[PDB]
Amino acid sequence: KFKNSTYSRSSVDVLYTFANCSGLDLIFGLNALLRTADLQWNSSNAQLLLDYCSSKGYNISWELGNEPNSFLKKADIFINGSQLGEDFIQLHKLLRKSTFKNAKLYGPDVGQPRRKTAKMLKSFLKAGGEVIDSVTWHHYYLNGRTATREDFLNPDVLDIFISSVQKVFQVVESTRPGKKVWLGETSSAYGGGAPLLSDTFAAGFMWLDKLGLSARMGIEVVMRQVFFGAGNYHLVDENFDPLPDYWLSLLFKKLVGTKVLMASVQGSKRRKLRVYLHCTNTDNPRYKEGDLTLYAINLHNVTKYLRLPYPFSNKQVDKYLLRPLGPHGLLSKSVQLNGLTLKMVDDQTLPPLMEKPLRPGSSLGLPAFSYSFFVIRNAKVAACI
């Protein structure tokens, strides 16, 4: 199905300019399917690109291959994990001889850990683990072709992610203990997303739960498929309009800090009410060192009222509740924050993200099929200072 294409210096400059102008750090995936007679990686094309990027002073991070578990199906070429590790060693030597000698290298961008993908990841980390800065793997919950609305709302579907994460760490801890683990490419549903689902408010349950579980379980970076593009799972549509998952991602960015804590619900069922707890993002100008950010998903069909434990039970709390703009409910492409539709001010201006101050000591209201952030002001948590 997939044919070779070429790309130009112009295309590399379009990509870098976009990243540089947007304050993003570019990671560029190199072609792993360029192979010598005896099925070693042929590095000559990568050398041409490395030399061009060095010549323009482009600070770029590297990957080599995408889903190498799939090469036999996609390209009728099998590369084992041992060989792929050797290929990474050869790329690492090229980076060390380039103008950016400390450039980062990530891999191997394997699919989620089935028997044969786990085997490839294990043989890859044995062989090439020393030269990668982080281990990358990919995750999707469902086939976008067959995914249902019910699937997007089902805690039994959300929970499958936990076993994938546990299996990747089991491989990494048996081969390269302590190596950082990244989700290199992830979203709701593969094959470009679930039509009329992956681009809606309903998509946000999987996205926010995945962020929560990833942070809680030790994943250091989660890369969302895709910021912009042909797939339904895009954060920004073809008209450059932000979808609900964009707004959810912007709020997460503004409110949720680097230090991960834990929240849990005291009842025996820990299924439809999902709660996560970090220190507040120190860069949010509204908040101060020691503040907490709670985020919660309610997959019940009724409102739940959350009570904060001592010593947080009487603190001022800032609510950031997301609900769809009607009439399409969870299948809406528009979202409201505390009842205000989120929309660009103009092409250059994001809107302000207006909190709703709750009366101190009130229970936190979480409507049916909704998600919210709650900042606990003056929490004075020592772990967060």
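For every residue, the number given is its place in the sequence shown, counted from 1. If you superpose the two forms and keep the largest set of C-alpha atoms that fall within 1.5 Å, you have the rigid core.
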**Item:** Core-fitted comparison in 6 other deposited structures of this protein, 306 to 314 vs 108 to 116, farther C-alphas
**Value:** 108 to 116
**Which of 231 to 239 and 260 to 268 has higher mean CA B factor, as the PDB entry lists it** = 260 to 268
**Asked** Is the mean CA B factor in the deposited entry higher across 271 to 279 or across 284 to 292?
**Response** 284 to 292
**Asked** Highest CA temperature factor in the entry: which of 353, 331, 322, 64?
**Response** 353
**Request:** Sort 253, 304, 167, 74 by C-alpha B-factor from the entry and give me just the highest.
**Result:** 74
**Request:** Using the B-factors in the PDB entry, rank residue 192's C-alpha atom against the chain and give the third, lowest, middle or highest.
**Result:** middle
**Message:** What third of the chain does residue 365 rank in for C-alpha temperature factor, lowest, middle or highest?
**Reply:** middle
**Chain thirds of CA B-factor: placement of residue 130** = highest
**Prompt:** Should residue 115 be placed in the lowest, middle or highest third of its chain by the C-alpha B factor in the entry?
**Reply:** highest
**residue 312 CA temperature factor, ranked by third within the chain** = middle
